[PDB]
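This report concerns only the one structure given below.
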Amino acid sequence: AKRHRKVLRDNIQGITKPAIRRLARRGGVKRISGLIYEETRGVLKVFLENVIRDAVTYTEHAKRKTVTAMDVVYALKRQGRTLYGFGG
DNA sequence: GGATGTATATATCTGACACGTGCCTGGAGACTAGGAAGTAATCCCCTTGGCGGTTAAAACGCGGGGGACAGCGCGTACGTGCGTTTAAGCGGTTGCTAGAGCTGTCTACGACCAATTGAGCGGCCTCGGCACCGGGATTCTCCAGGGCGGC
């Protein structure tokens with residue numbers, strides 16, 4: 001069975017355990033339990049669906065198919081998470 | 001006697017200054033209308049310092065036990081290091097399409113103004129329901145007569 005699905009669904013596993021460890025090191029965490037990574041993947045996914053849903057709404061209002069950075073800045077500012085350095 | 005360390009001179013690289021040009025956006029000048037400042041009147045709320053009385057909350061003290069904290073043991077789960085795999089990162093192909101920018105035309109849609117009128121705000125009268133007063137029906141406590149016993 002060489003053939004398989006073209007699309008990939010485990011892209012939340014692409015946020016690897018060393019990446020989450022580096023994020024915790026930047027946050028100042030010395031010791032990390034083994035169940036941290038699944039919870040971090042879940043909260044990152046929830047945050048990303050919120051921001052991406054608002055940015056897709058901003059894109060669809062402008063009758064566009066691409067998602068610009070300015071829509072992402074709008075979506076983050078609407079959630080009280082203003083980001084500097086991408087225009088505006 | 002030969003080659004090495006070091007000083008001064010010359011060519012080249014690179015950020016910065018000034019020159020040039022477009023253009024379009026801000027500034028100068030004039031006019032006008034209305035937004036806001038000022039005025040007077042009326043009425044209601046807030047301020048400061050008091051008094052009186054109720055009463056429930058606040059304060060104080062005390063006993064006791066529940067919970068916070070410290071110490072110790074233990075076992076497991078995470079850190080650390082190394083070898084191996086793997087996929088990210090970069091550079092690249094190849095076409096098509098989405099989108100920004102610019103120009104051009106036009107048309108439907110919204111601003112604007114005048115006349116109108118009907119939906120919103122206040123009061124007035126009435127009804128639904130709750131309550132106060134008068135009258136009829138039902139049940140409970142009581143005073144007196146009859147009969148029996150004693151000296």
Side-chain angles (χ1 to χ4, degrees), chain A residues 1-4 10-88:
Chain A
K2 289 298 180 183
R3 61 181 184 270
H4 56 98
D10 51 337
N11 310 305
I12 197 60
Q13 303 308 119
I15 319 292
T16 56
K17 154 175 165 180
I20 303 175
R21 282 178 74 84
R22 279 191 303 270
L23 292 173
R25 286 311 184 259
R26 186 163 293 190
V29 179
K30 185 177 180 180
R31 220 156 173 274
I32 301 166
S33 88
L35 308 156
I36 283 295
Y37 311 106
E38 293 83 3
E39 187 93 24
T40 316
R41 277 170 193 123
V43 299
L44 181 62
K45 186 183 286 185
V46 164
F47 173 78
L48 270 187
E49 309 181 311
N50 292 348
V51 180
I52 277 166
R53 151 153 47 63
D54 276 14
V56 160
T57 305
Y58 274 117
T59 284
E60 280 178 326
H61 183 66
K63 293 182 183 293
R64 284 181 273 110
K65 276 74 69 178
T66 194
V67 178
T68 70
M70 193 68 203
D71 298 329
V72 182
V73 171
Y74 294 167
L76 285 159
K77 182 174 73 175
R78 213 211 52 89
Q79 294 179 357
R81 293 182 184 272
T82 317
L83 167 65
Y84 287 176
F86 292 95

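Just so we're on the same page: letters track the sequence lines, and every chain starts at 1. FYI, side chains are in, hydrogens and waters are out, and symmetry mates aren't considered; it's all heavy atoms of this structure.
Considering only residues two or more places apart in sequence or on other chains, A:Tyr37 meets the side-chain contact (heavy atoms from CB on, under 4.5 Å) condition with A:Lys17, A:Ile20, A:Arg21, A:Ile32, A:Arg41. Here A:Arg81 pairs with nothing under the side chain to side chain donor-acceptor pair (under 3.5 Å) rule; sequence neighbours left out.
Sequence neighbours left out, the pairs with a member in residues 51-72 of chain A that pass salt bridge (charged side-chain N to carboxylate O under 4.0 Å, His left out) are A:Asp54-A:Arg78, A:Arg64-A:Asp71. Listed by first and then second residue, the ring pair (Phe, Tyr, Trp, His ring centres under 6.0 Å) pairs involving residues 60-88 of chain A are A:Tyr58-A:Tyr74 (not counting sequence neighbours).
Contact record, A:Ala75 with A:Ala55: CB-N, 3.5 Å, taken as the closest heavy-atom pair.
A:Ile36 and A:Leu44 fall within the same hydrophobic cluster, where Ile, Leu, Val, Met, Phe, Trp and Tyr residues are linked whenever their side-chain heavy atoms come under 4.5 Å apart, directly or through other members. In terms of hydrophobic clustering, with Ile, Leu, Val, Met, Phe, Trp and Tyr side chains grouped at heavy-atom distances under 4.5 Å, A:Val67 and A:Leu83 are assigned to a common cluster.
Here the options are A:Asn11, A:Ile15, A:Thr40, A:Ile12, the test is side-chain contact (heavy atoms from CB on, under 4.5 Å), and the partner is A:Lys45; only A:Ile12 passes.
In the displayed structure, A:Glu39 atom CD is contacted under 6.0 Å by at most 12 heavy atoms of other residues, nucleotides or ligands.
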